[PDB]
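Peer 1: The structure that follows is given in the form of structure tokens.
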Amino acid sequence: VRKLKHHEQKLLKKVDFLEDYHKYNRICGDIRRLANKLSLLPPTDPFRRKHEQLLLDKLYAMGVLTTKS
Amino acid sequence: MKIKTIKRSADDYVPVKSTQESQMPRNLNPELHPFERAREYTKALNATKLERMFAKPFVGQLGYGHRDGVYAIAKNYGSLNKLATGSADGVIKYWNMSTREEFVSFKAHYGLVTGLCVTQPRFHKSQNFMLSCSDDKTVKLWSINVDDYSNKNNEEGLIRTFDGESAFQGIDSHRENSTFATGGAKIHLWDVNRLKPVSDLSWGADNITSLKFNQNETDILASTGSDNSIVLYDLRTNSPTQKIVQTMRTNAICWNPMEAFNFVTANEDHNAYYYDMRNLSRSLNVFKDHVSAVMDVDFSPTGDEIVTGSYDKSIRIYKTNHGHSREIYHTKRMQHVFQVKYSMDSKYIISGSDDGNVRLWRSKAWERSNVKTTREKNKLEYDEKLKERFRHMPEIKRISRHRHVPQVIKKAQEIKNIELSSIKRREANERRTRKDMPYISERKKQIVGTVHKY
Amino acid sequence: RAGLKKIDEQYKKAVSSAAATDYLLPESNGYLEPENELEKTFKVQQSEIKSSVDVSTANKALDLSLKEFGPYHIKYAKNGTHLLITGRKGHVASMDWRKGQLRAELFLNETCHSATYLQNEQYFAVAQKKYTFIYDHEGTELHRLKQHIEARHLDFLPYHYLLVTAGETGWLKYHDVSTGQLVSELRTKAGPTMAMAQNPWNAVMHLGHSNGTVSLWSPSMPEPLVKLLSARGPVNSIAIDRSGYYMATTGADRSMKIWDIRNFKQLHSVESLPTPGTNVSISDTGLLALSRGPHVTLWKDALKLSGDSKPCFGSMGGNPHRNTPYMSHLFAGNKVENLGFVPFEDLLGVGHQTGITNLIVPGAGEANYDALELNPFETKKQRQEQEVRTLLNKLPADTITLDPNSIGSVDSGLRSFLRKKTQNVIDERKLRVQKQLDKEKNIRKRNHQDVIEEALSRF
Amino acid sequence: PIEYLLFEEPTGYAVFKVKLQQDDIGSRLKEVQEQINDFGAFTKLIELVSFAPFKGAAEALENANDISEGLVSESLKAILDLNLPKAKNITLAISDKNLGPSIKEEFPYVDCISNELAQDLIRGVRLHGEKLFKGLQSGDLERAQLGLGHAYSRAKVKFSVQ
Amino acid sequence: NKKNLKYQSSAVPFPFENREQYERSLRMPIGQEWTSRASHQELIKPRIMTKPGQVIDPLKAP
Amino acid sequence: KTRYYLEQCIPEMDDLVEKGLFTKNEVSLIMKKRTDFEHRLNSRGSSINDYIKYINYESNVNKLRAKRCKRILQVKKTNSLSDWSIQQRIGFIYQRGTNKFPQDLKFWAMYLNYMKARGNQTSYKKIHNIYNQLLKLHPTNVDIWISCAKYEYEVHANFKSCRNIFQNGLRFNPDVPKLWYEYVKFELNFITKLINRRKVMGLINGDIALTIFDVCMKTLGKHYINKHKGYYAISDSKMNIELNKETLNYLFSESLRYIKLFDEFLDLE
RNA sequence: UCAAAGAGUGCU
């Protein structure tokens with residue numbers, strides 16, 4: 001719509017409904033929920049440690065990580 | 001066979017000229033305009049929100065104010081932009097409200113200026129006159145050069161002085177004639193061309209704390225005494241007429257310009273009482289939104305609105321038919337409101353507080369003084385009813401009723417609701433057992449006694 | 001009495017002003033009556049009406065044949081400048097028939113159920129399979145609604161700025177365009193919604209199901225206003241007249257049902273339909289349109305209480321009580337996808353798989369249009385002025401009601417431990433005192449309202 | 001309390017009627033001062049009622065001499081008489097305080113105002129100029145002011161083509 | 001179908017002295033989309049008026 | 001505010017339909033043409049021809065109503081709002097056009113003529129009000145000073161006020177020789193009718209002009225000196241002689257023109 | 001060119 005006047009703006013706000021990195025943002029977010037939850041799982045567990053290593057190796061094997069992390 | 005179809009003439013709806021206004025066809029078929037009741041309500045609600053946006057009552061202050069607290073405000077009933085003020089420093093000022101500047105300033109009195117009134121003395125355009133009284137036992141008449149008309153071209157300063165045996169505490173001027181009345185230890189009637197009091201009026205030995213001539217029966221006069229009494233006077237008989245004793249003193253009296261027999265009283269008991277001059281055994285209306293003593297009260301020249309200036313640092317606007325303030329005006333800059341007067345166009349409010357400043361306030365906070373277009377007009381009065389109609393709509397009440405009030409005022413308000421609730425509960429407990437306890441009307445609790453019974 | 005009387009005359013004055021403005025209205029609706037009693041309004045064939053109407057109207061009638069994504073559902077904007085037609089296989093194009101310019105072109109290859117303009121020509125929403133997609137005037141998609149899944153019906157409320165979608169999932173989505181938020185989510189419990197329609201008077205949704213019950217729905221309330229079954233079979237379509245007095249449906253069992261919303265009573269029932277209606281439509285003038293297979297039959301003055309007004313196919317020996325079809329048109333070798341009247345013009349649009357056709361029917365449109373509500377001649381700058389104002393005047397969802405006239409009526413440590421003990425005792429006393437007051441009140445009401453035992457009664 | 005306003009133009013004298021009186025208390029407010037600038041608002045305040053063009057160059061100078069000395073010319077006496085009612089006393093706005101006594105002498109029934117309120121209206125008239133004349137033939141003021149310039153200023157010094 | 005307390009008036013507004021009076025006036029549309037331009041002008045009009053910049057004297061003897 | 005004007009006419013068409021003069025279809029056509037004019041007059045770029053066109057169109061509507069009144073009702077005047085409303089509204093449009101365009105002397109002229117023709121319907125006081133504004137707006141136009149002087153010396157025959165109009169006009173325009181001639185011509189007309197009345201009085205039983213002559217030379221000379229001299233006096237002695245000569249030549253032609261006036265009046269000496 | 005978005009000017 002046209003630019004709303006001052007009194008129009010004050011009465012009504014957030015009425016402006018109706019390069020994109022959305023996928024990479026989702027890729028980054030998905031990596032977060034892993035390491036957050038992989039922390040939730042107990043440290044002595046063998047299943048968590050291998051799974052953490054597979055992730056670190058693989059984002060390394062990508063080059064998202066320039067060095068081992 | 002016969003066929004006709006909906007047919008649009010392009011020239012009719014799309015003008016041939018670029019500058020010609022296109023025709024706006026209109027059909028008032030009710031079905032074509034659905035959701036009346038939701039619609040007007042939404043226009044109502046938007047108006048209340050907008051009203052709080054433009055509610056901008058303060059406009060400015062007059063010059064640099066007075067040195068000491070301002071304790072006498074006198075308005076020129078024949079001019080818009082003329083005002084007379086005085087403070088306890090003994091200085092009196094005459095103001096040009098348009099330019100917010102002083103016409104002239106006088107060190108009139110050695111003591112505190114206890115009364116002021118603007119007059120047109122008929123000594124037996126180019127100048128105006130004002131009368132001042134104080135506790136130094138003198139009343140002085142002054143003349144002011146003004147620029148209202150340019151038909152001439154001086155003699156600016158003291159014109160005449162009235163010496164008195166006792167201190168003068170209040171002054172008012174008769175409208176039709178040059179005579180004026182002063183209230184001190186004894187209320188005295190004076191004539192301009194006569195140095196000593198023409199007539200002596202007094203109910204008794206008690207002194208008089210204020211007086212206000214009626215604006216319509218200008219021959220009637222009313223006064224207030226230190227003994228919590230209101231005395232009525234008549235000039236045709238040259239004698240007092242009526243006295244009523246109330247529970248607590250009244251500080252100011254003003255007569256309703258649209259209702260001559262009707263006057264309001266500024267009282268010390270957080271209240272302003274609306275009285276009919278004919279039957280004073282009761283009141284017409286009582287105004288109870290103040291939290292300290294009410295110092296001054298004034299009527300609108302429209303007659304539908306009253307302000308009351310209180311010791312609680314607030315000015316409250318009341319409707320004559322409603323007993324609670326629709327509006328509250330306050331500022332931390334306003335230290336003790338002692339005088340509240342109107343612009344006699346009924347559009348602005350003049351207030352005087354002991355901090356030494358005389359402030360100007362809009363009567364209607366959201367109204368603006370500029371000339372509006374008919375379209376601007378027709379929309380603005382569309383809101384005022386639509387707010388009036390849906391005034392008790394709860395959300396409309398919430399947004400409309402809300403005001404920013406000082407913390408001292410509400411902390412005073414919340415407590416008095418507690419003492420009053422304690423009284424009602426405790427009295428109500430006595431209704432369970434006491435056989436004979438009369439119900440006391442609110443309109444008669446403040447009256448202690450009246451001399452002339454009817 | 002004088003106050004009640006005084007209030008009365010302003011209405012008789014106000015309606016008098018309304019009667020005064022009725023003269024101001026520039027033009028009237030159309031007519032079609034035969035000069036000779038032998039001539040019949042159903043006998044007249046559409047090409048003859050095309051001849052009678054002037055050149056511009058012949059241009060106003062549009063016929064375009066295209067088969068790529070058939071069938072095509074036609075939807076018509078409120079202001080009516082712009083046509084939106086959505087193909088079944090997925091092709092949707094937005095265009096203005098009067099101007100002759102296409103607003104945007106979408107060639108997406110996803111099966112499409114329905115489409116509709118939301119607030120203006122500029123923004124419109126098109127229902128794809130398993131999701132709802134919104135497209136700009138430029139053709140760019142702005143957002144896609146994850147909440148709205150598998151909706152075969154799209155319906156938008158102008159005064160409330162809310163898009164309602166009905167789908168086979170049965171979950172009724174309430175989405176507000178201005179706030180960009182889903183107002184409420186509700187499950188019908190009547191299964192998939194076969195038919196969807198809105199009543200303009202009260203802005204109440206109407207849903208159709210296999211059982212035949214019609215559920216009246218609003219965003220505000222948890223469960224529907226009203227449940228009515230008029231047709232034994234599934235209700236394929238629901239039509240509500242412009243006034244809102246009359247509500248019309250066609251059952252899948254060939255039943256046609258005329259109903260009243262305000263009184264919730266059945267006007268007329270017709271079981272003589274040869275085949276179940278594809279869709280049923282109602283004019284602003286009150287004239288109803290029904291399409292069955294390749295034949296479309298229209299009845300004038302159908303929405304009236306009188307039995308003689310009852311629609312009847314053809315006539316029974318030319319009986320005056322029988323109501324003949326006002327206009328009868330059949331598209332040979334064709335099927336009608338949907339019917340959309342053309343508000344503000346005297347035409348009826350009909351949707352087919354071969355293409356979209358517009359038929360000219362006298363009296364179809366409203367005679368005169370209010371400029372403030374909607375204007376076909378709205379310029380680019382005022383449509384923005386109209387848009388912002390209608391936003392400013394947005395109606396809340398909770399404001400929805402069964403009757404617009406009903407709304408607005410008048411109805412630490414140890415010390416804190418000691419603190420609780422006292423408050424409990426303080427609270428306990430109030431209960432005791434309140435009991436004594438209640439008991440004393442009862443005594444007031446009671447007071448207000450063997451020979452030997454009497455001798456011994458004193459003891 | 002203003003009703004009529006006397007404005008002098010180098011082409012002639014135009015008197016105006018004040019339809020609406022601007023608020024006197026709120027004269028210094030922001031919004032009212034803007035109304036003076038806005039032509040649409042101003043036309044609601046006042047309206048053109050008369051205009052009397054000067055016959056020629058000679059009249060403009062001798063009136064220009066008379067206006068300056070606070071004097072009333074025969075043209076000023078003529079235009080005012082037909083307009084201001086005999087009438088309590090009709091109120092006329094004049095930019096000059098010195099011209100006030102001269103008007104009062106000729107016309108006892110008119111009272112003159114030159115307060116800031118009168119100045120506010122007079123300023124607006126000068127601001128819009130011939131736009132308020134609503135098409136009345138005033139030629140164009142700018143060259144008339146310029147033409148009256150060497151008519152007025154250069155008279156006082158007593159040069160000669162000598 | 002219970003009515004929403006949010007939209008029910010708490011008490012009868014002034015100047016109307018009875019509940020039925022208000023349900024009547026409430027069935028007026030004041031808006032111009034339902035009311036003729038002129039008919040708007042009698043409804044639109046406020047009771048208290050004033051003219052800017054003039055003198056409101058006390059009433060003279062009737 | 002176009003709708004306001006449209007609404008003021010509603011009672012009238014209702015009266016037209018009620019009396020049966022105009023059908024609802026014909027009434028609608030009159031409304032549609034009326035609507036186009038009102039938007040035209042209220043819009044930007046509106047000109048006087050719009051007022052004239054609307055007045056001319058509205059005048060025709062009055063004529064058809066009058067013809068149909070005798071044709072259908074068979075009545076000279078039907079006692080209802082229709083009779084005086086078209087006539088009232090035309091004056092309203094004249095007021096707006098004259099108010100909107102005070103400059104055009106032509107538009108004012110029809111207004112006076114239109115109201116003058118309907119003398120019974122428009123009081124002579126209303127003609128007075130129009131002239132007072134017109135003289136006030138255009139004081140330097142001699143034709144209007146002689147206009148109202150001619151109207152009332154013939155229709156009303158008020159010599160006192162007819163003297164007054166000229167008496168005002170000469171105050172504003174003392175340099176125009178035409179206005180002096182008409183005020184002399186009126187003066188001898190008053191004397192001759194007075195003397196002819198005196199002759200008639202006997203049957204059933206002037207210097208003042210020469211004074212108007214006297215001053216008429218003096219001021220015309222003064223103004224002619226003011227013109228042709230510009231802002232300043234003329235230093236050269238010789239030119240001042242030609243300036244005097246030019247006035248004498250200008251002045252004599254003014255006098256000779258009046259000698260021709262005397263010949264017309266036979267009764268006067 | 002249309003087509004959507006800004007920022008000034010004239011004037012009711």
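Residues are referred to by chain and number: the chain letter is A, B, ... according to the order shown in the structure tokens, the number counts from 1 in that chain, and ligands are numbered separately from 1 in the order shown.
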Just the residues within 10 Å of residue 48 of chain E, please, counting only C-alpha atoms (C1' of nucleotides), with nothing from its chain fewer than 6 positions along; format it as a PyMOL selection string.

Peer 2: chain B and resi 302-304

Peer 1: Can I get the selected residues back with C-alpha atoms, as a CSV table (one decimal), in the first residue's frame?

Peer 2:
```csv
chain,number,residue,atom,x,y,z
B,302,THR,CA,-21.5,28.9,27.8
B,303,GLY,CA,-22.7,27.9,31.3
B,304,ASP,CA,-22.2,24.1,30.8
```

Peer 1: Taking only C-alpha atoms into account and nothing else, which residues of chain C lie no more than 8 Å away from chain B? Please answer as a ChimeraX atom specification.

Peer 2: /C:18,21-22,25-35,49,52-53,200-202,242-243,345-346,361-363,365,367-373,377,393-395,399,404-405,407-408

Peer 1: Dump C-alpha atoms for the selected residues as a compact mmCIF listing (two decimals), in the first residue's frame?

Peer 2:
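Output below, filename out-v4.txt:
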```
# COMPACT_ATOMS: atom_id res chain seq x y z
CA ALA C 18 -33.32 7.58 2.01
CA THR C 21 -31.84 9.72 -2.46
CA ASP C 22 -33.61 6.88 -4.28
CA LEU C 25 -29.93 7.04 -8.45
CA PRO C 26 -29.04 7.57 -12.13
CA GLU C 27 -30.11 4.33 -13.84
CA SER C 28 -32.27 1.24 -13.32
CA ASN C 29 -31.75 -2.48 -13.79
CA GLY C 30 -32.57 -4.25 -17.05
CA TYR C 31 -35.79 -5.94 -18.11
CA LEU C 32 -36.82 -8.73 -20.50
CA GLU C 33 -40.59 -9.21 -20.90
CA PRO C 34 -42.29 -10.52 -24.07
CA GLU C 35 -44.51 -8.21 -26.09
CA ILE C 49 -29.85 -11.00 -27.04
CA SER C 52 -30.19 -6.55 -29.29
CA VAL C 53 -27.41 -5.25 -27.04
CA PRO C 200 -22.53 -11.02 3.35
CA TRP C 201 -25.05 -9.78 5.93
CA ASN C 202 -23.47 -11.40 9.01
CA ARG C 242 -26.98 -10.40 -1.39
CA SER C 243 -29.58 -9.37 1.21
CA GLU C 345 -22.71 -5.17 -14.88
CA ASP C 346 -25.72 -6.92 -16.42
CA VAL C 361 -28.97 -11.35 -18.94
CA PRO C 362 -31.16 -8.24 -18.39
CA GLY C 363 -31.52 -7.37 -14.72
CA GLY C 365 -26.48 -6.67 -12.18
CA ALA C 367 -28.70 -0.74 -11.31
CA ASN C 368 -26.54 1.73 -9.39
CA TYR C 369 -23.28 1.40 -7.46
CA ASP C 370 -22.15 3.35 -4.42
CA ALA C 371 -18.85 5.11 -5.10
CA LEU C 372 -17.69 4.92 -1.48
CA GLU C 373 -18.09 1.14 -1.19
CA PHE C 377 -13.82 3.66 -12.27
CA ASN C 393 -11.63 0.71 9.63
CA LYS C 394 -10.67 -2.97 9.96
CA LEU C 395 -13.32 -5.00 11.78
CA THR C 399 -16.68 -8.56 16.47
CA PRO C 404 -25.03 -7.20 13.30
CA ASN C 405 -27.92 -5.48 15.10
CA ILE C 407 -23.78 -6.00 18.86
CA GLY C 408 -23.56 -2.94 21.12
```

Peer 1: Can you build me a table of chain E residues sitting at most 7 Å from chain D, with the closest atom pair per residue and its distance in Å to one decimal, using only C-alpha atoms, sorted by chain and residue number, as a tab-separated table?

Peer 2:
```
residue	atom	partner	partner_atom	distance
E:52	CA	D:23	CA	5.6
E:53	CA	D:23	CA	4.8
E:54	CA	D:1	CA	6.6
```

Peer 1: Might you pull out every residue within 10 Å of residue 18 of chain A, with only C-alpha atoms (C1' of nucleotides) counted and same-chain residues fewer than 3 positions away left off, and present them as a PyMOL selection string?

Peer 2: (chain A and resi 1+15) or (chain C and resi 118-119+122-125+134-136+141-143+177-180)

Peer 1: Can you tell me, as a list in words, what residues are no more than 12 Å from residue 24 of chain F when counting only C-alpha atoms (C1' of nucleotides), ignoring any on the same chain fewer than 3 positions away?

Peer 2: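 Within the cut-off, the hits are residues 22, 23, 24, 25, 26, 27 and 28 of chain C; 13, 14, 15, 16, 17, 18, 19, 20, 21, 27, 28, 29, 30 and 31 of chain F.
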
Peer 1: Generate the output file for the selected residues, C-alpha atoms, as a CSV table (one decimal), in the first residue's frame.

Peer 2:
```
chain,number,residue,atom,x,y,z
C,22,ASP,CA,-33.6,6.9,-4.3
C,23,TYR,CA,-34.5,9.5,-6.9
C,24,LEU,CA,-30.9,10.5,-7.2
C,25,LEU,CA,-29.9,7.0,-8.4
C,26,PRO,CA,-29.0,7.6,-12.1
C,27,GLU,CA,-30.1,4.3,-13.8
C,28,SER,CA,-32.3,1.2,-13.3
F,13,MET,CA,-38.8,16.4,-8.8
F,14,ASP,CA,-41.0,14.6,-6.3
F,15,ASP,CA,-43.4,17.5,-6.9
F,16,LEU,CA,-43.0,17.1,-10.7
F,17,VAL,CA,-43.7,13.4,-10.5
F,18,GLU,CA,-46.5,13.9,-8.0
F,19,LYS,CA,-48.3,16.4,-10.3
F,20,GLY,CA,-47.8,14.1,-13.2
F,21,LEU,CA,-45.9,16.7,-15.4
F,27,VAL,CA,-37.1,13.4,-14.3
F,28,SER,CA,-34.0,11.2,-14.2
F,29,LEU,CA,-32.7,12.7,-17.4
F,30,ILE,CA,-33.1,16.2,-15.9
F,31,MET,CA,-31.3,15.0,-12.8
```

Peer 1: So what do you get for atom CA of residue 218 of chain B versus atom CA of residue 137 of chain B, distance-wise?

Peer 2: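 Rounded to one decimal, the two atoms are 26.1 Å apart.
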
Peer 1: Show me, as a list in words, the residues that have an atom within 7 Å of segment 10-19 of chain D when counting only C-alpha atoms (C1' of nucleotides), minus same-chain residues fewer than 2 positions from it.

Peer 2: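 Skipping anything fewer than 2 positions along the chain leaves residues 2, 3, 4, 5, 6, 7, 8, 21, 44, 45, 46, 47, 48, 49, 50, 51, 52, 53, 54, 60, 138, 141, 144 and 145 of chain D.
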
Peer 1: Can you tell me which residues surround segment 38-42 of chain D at a distance of at most 12 Å, considering only C-alpha atoms (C1' of nucleotides), apart from same-chain residues fewer than 4 positions away, and format the answer as a count of residues only?

Peer 2: 34

Peer 1: Counting only C-alpha atoms, give me one row per residue of chain B with an atom at most 9 Å from an atom of chain D, showing the shortest contact pair and its distance in Å to one decimal, sorted by chain then residue number, as a Markdown table.

Peer 2:
```
| residue | atom | partner | partner_atom | distance |
| --- | --- | --- | --- | --- |
| B:59 | CA | D:29 | CA | 7.7 |
| B:80 | CA | D:25 | CA | 6.9 |
| B:81 | CA | D:25 | CA | 5.7 |
| B:96 | CA | D:25 | CA | 8.7 |
| B:97 | CA | D:25 | CA | 5.7 |
| B:98 | CA | D:25 | CA | 4.5 |
| B:99 | CA | D:28 | CA | 6.9 |
| B:100 | CA | D:28 | CA | 8.7 |
| B:147 | CA | D:115 | CA | 6.4 |
| B:148 | CA | D:115 | CA | 6.4 |
| B:149 | CA | D:113 | CA | 5.0 |
| B:150 | CA | D:100 | CA | 5.6 |
| B:151 | CA | D:101 | CA | 5.1 |
| B:152 | CA | D:101 | CA | 6.2 |
| B:153 | CA | D:101 | CA | 7.2 |
| B:343 | CA | D:25 | CA | 8.0 |
| B:348 | CA | D:25 | CA | 8.1 |
| B:368 | CA | D:31 | CA | 7.7 |
| B:369 | CA | D:23 | CA | 6.5 |
| B:370 | CA | D:32 | CA | 4.8 |
| B:371 | CA | D:41 | CA | 6.6 |
| B:372 | CA | D:41 | CA | 7.3 |
| B:373 | CA | D:41 | CA | 7.4 |
```

Peer 1: Deliver the residues from the most recent selection as a file, using N, CA and C atoms, as a PDB file, in the first residue's frame.

Peer 2:
```pdb
ATOM      1  N   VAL B  59      -0.653  25.559  26.388  1.00  0.00           N
ATOM      2  CA  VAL B  59      -0.297  26.416  25.267  1.00  0.00           C
ATOM      3  C   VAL B  59       0.879  27.329  25.597  1.00  0.00           C
ATOM      4  N   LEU B  80     -11.260  40.089  25.173  1.00  0.00           N
ATOM      5  CA  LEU B  80     -10.728  38.730  25.182  1.00  0.00           C
ATOM      6  C   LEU B  80      -9.332  38.681  25.789  1.00  0.00           C
ATOM      7  N   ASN B  81      -8.413  39.501  25.278  1.00  0.00           N
ATOM      8  CA  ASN B  81      -6.988  39.357  25.542  1.00  0.00           C
ATOM      9  C   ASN B  81      -6.493  40.269  26.658  1.00  0.00           C
ATOM     10  N   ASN B  96      -1.474  41.445  28.076  1.00  0.00           N
ATOM     11  CA  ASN B  96      -2.002  41.248  26.728  1.00  0.00           C
ATOM     12  C   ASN B  96      -1.875  39.759  26.431  1.00  0.00           C
ATOM     13  N   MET B  97      -2.955  39.014  26.675  1.00  0.00           N
ATOM     14  CA  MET B  97      -2.914  37.564  26.530  1.00  0.00           C
ATOM     15  C   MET B  97      -2.551  37.137  25.113  1.00  0.00           C
ATOM     16  N   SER B  98      -2.853  37.965  24.111  1.00  0.00           N
ATOM     17  CA  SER B  98      -2.506  37.624  22.734  1.00  0.00           C
ATOM     18  C   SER B  98      -0.996  37.529  22.555  1.00  0.00           C
ATOM     19  N   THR B  99      -0.268  38.553  22.999  1.00  0.00           N
ATOM     20  CA  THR B  99       1.183  38.590  22.869  1.00  0.00           C
ATOM     21  C   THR B  99       1.902  38.004  24.076  1.00  0.00           C
ATOM     22  N   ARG B 100       1.168  37.588  25.108  1.00  0.00           N
ATOM     23  CA  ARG B 100       1.761  37.002  26.308  1.00  0.00           C
ATOM     24  C   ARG B 100       2.763  37.964  26.940  1.00  0.00           C
ATOM     25  N   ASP B 147      -3.727  49.511  23.414  1.00  0.00           N
ATOM     26  CA  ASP B 147      -3.634  49.713  21.973  1.00  0.00           C
ATOM     27  C   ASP B 147      -4.817  49.087  21.241  1.00  0.00           C
ATOM     28  N   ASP B 148      -5.957  48.957  21.924  1.00  0.00           N
ATOM     29  CA  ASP B 148      -7.118  48.332  21.298  1.00  0.00           C
ATOM     30  C   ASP B 148      -7.635  49.167  20.132  1.00  0.00           C
ATOM     31  N   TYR B 149      -7.615  50.491  20.273  1.00  0.00           N
ATOM     32  CA  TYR B 149      -8.044  51.424  19.239  1.00  0.00           C
ATOM     33  C   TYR B 149      -6.987  52.508  19.092  1.00  0.00           C
ATOM     34  N   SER B 150      -6.943  53.105  17.901  1.00  0.00           N
ATOM     35  CA  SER B 150      -5.934  54.095  17.542  1.00  0.00           C
ATOM     36  C   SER B 150      -6.575  55.443  17.223  1.00  0.00           C
ATOM     37  N   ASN B 151      -7.708  55.741  17.861  1.00  0.00           N
ATOM     38  CA  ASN B 151      -8.470  56.942  17.551  1.00  0.00           C
ATOM     39  C   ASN B 151      -7.936  58.188  18.246  1.00  0.00           C
ATOM     40  N   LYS B 152      -6.900  58.061  19.074  1.00  0.00           N
ATOM     41  CA  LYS B 152      -6.366  59.174  19.844  1.00  0.00           C
ATOM     42  C   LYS B 152      -4.860  59.252  19.641  1.00  0.00           C
ATOM     43  N   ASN B 153      -4.325  60.461  19.803  1.00  0.00           N
ATOM     44  CA  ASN B 153      -2.891  60.707  19.684  1.00  0.00           C
ATOM     45  C   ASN B 153      -2.411  60.391  18.271  1.00  0.00           C
ATOM     46  N   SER B 343     -10.815  31.995  29.645  1.00  0.00           N
ATOM     47  CA  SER B 343     -10.938  32.935  28.547  1.00  0.00           C
ATOM     48  C   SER B 343     -12.414  33.068  28.201  1.00  0.00           C
ATOM     49  N   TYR B 348     -10.120  28.690  26.437  1.00  0.00           N
ATOM     50  CA  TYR B 348      -8.846  28.567  27.130  1.00  0.00           C
ATOM     51  C   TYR B 348      -9.082  28.706  28.627  1.00  0.00           C
ATOM     52  N   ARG B 368      -8.030  22.534  18.345  1.00  0.00           N
ATOM     53  CA  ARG B 368      -7.001  23.447  17.872  1.00  0.00           C
ATOM     54  C   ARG B 368      -7.652  24.748  17.422  1.00  0.00           C
ATOM     55  N   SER B 369      -6.915  25.844  17.589  1.00  0.00           N
ATOM     56  CA  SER B 369      -7.451  27.183  17.392  1.00  0.00           C
ATOM     57  C   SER B 369      -7.491  27.615  15.932  1.00  0.00           C
ATOM     58  N   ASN B 370      -6.919  26.835  15.018  1.00  0.00           N
ATOM     59  CA  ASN B 370      -6.903  27.225  13.618  1.00  0.00           C
ATOM     60  C   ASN B 370      -8.286  27.062  12.995  1.00  0.00           C
ATOM     61  N   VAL B 371      -8.542  27.858  11.963  1.00  0.00           N
ATOM     62  CA  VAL B 371      -9.777  27.736  11.197  1.00  0.00           C
ATOM     63  C   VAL B 371      -9.704  26.464  10.366  1.00  0.00           C
ATOM     64  N   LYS B 372     -10.763  25.666  10.417  1.00  0.00           N
ATOM     65  CA  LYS B 372     -10.819  24.387   9.727  1.00  0.00           C
ATOM     66  C   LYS B 372     -11.674  24.499   8.470  1.00  0.00           C
ATOM     67  N   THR B 373     -11.418  23.596   7.528  1.00  0.00           N
ATOM     68  CA  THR B 373     -12.270  23.472   6.359  1.00  0.00           C
ATOM     69  C   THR B 373     -13.565  22.759   6.738  1.00  0.00           C
TER      70      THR B 373
END
```

Peer 1: Using only C-alpha atoms, pick whichever of B:300, B:351, B:434, B:403 has the shortest atom-to-atom distance to residue 325 of chain B.

Peer 2: B:403

Peer 1: What are the closest atom pairs, with distances in Å to one decimal, for all residues of chain F lying within 8 Å of chain G? Consider only C-alpha atoms (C1' of nucleotides), order rows by chain and residue number, and present the result as JSON lines.

Peer 2:
```
{"residue": "F:42", "atom": "CA", "partner": "G:12", "partner_atom": "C1'", "distance": 7.8}
{"residue": "F:43", "atom": "CA", "partner": "G:12", "partner_atom": "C1'", "distance": 6.9}
{"residue": "F:44", "atom": "CA", "partner": "G:12", "partner_atom": "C1'", "distance": 6.6}
```

Peer 1: Excluding residue 21 of chain E and residues on its chain fewer than 4 positions from it, collect all residues at most 8 Å away from it, counting only C-alpha atoms (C1' of nucleotides), and give them as a VMD selection string.

Peer 2: (chain C and resid 3 to 4 7) or (chain E and resid 16 to 17 25)

Peer 1: Taking only C-alpha atoms into account, find every residue of chain B that has an atom no more than 6 Å from chain F, and write it out as a PyMOL selection string.

Peer 2: chain B and resi 19-21
